[PDB]
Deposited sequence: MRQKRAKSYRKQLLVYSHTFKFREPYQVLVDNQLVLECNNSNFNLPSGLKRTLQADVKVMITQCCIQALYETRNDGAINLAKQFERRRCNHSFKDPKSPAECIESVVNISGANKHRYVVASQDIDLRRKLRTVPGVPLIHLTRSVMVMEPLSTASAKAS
């Protein structure tokens, strides 16, 4: 809800200064796919939620090939529901996405990229107008000390 607010403001600039229009085109990388699979995160609905608009969710042939090699039969089937972006390659998932998104330092095709590869994200921020999405992992927390615990000192 609260984030939907901050995001609403961010999307605006992609639409105005960058000419982005529904449905957003989102390249999903292999790591994100694995991740969402073995933690049961609905990747499709997750993107429509955060982008707050129709999204076309896609995966490059290099990313899905890499998935193929994991023989992680569960990730694979998921990737397949997505629309394939036919890259003209032969590379690593990372470089694939980079060369597809980064055309002469411009996001010519107005992709958004959802990746768990913080290395790929860093080098995409360089390119102006590239929305970046990722999944924050689950963590185990201990509540701060209660006041009743406090008063026993």
Deposited seq positions with no alpha-carbon in the coordinates run 1 to 2, 93 to 96
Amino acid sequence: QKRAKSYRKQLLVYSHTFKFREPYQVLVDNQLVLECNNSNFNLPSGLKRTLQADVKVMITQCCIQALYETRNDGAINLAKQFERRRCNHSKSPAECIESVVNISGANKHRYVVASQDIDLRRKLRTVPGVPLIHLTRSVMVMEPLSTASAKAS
From here on, numbers count along this sequence of modelled residues.
Per the entry, higher mean C-alpha B factor between 38 to 46 and 106 to 114
38 to 46
Higher mean Cα B-factor in the deposited model: 21 to 29 or 8 to 16?
8 to 16
Entry-reported C-alpha B-factor of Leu132 relative to its chain, by third, is lowest
Lowest, middle or highest third of the chain for the C-alpha temperature factor of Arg84?
lowest
How does the C-alpha B factor of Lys56 compare with the rest of the chain: lowest, middle or highest third?
lowest
Which third, lowest, middle or highest, does the CA B-factor of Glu98 fall in along this chain?
lowest
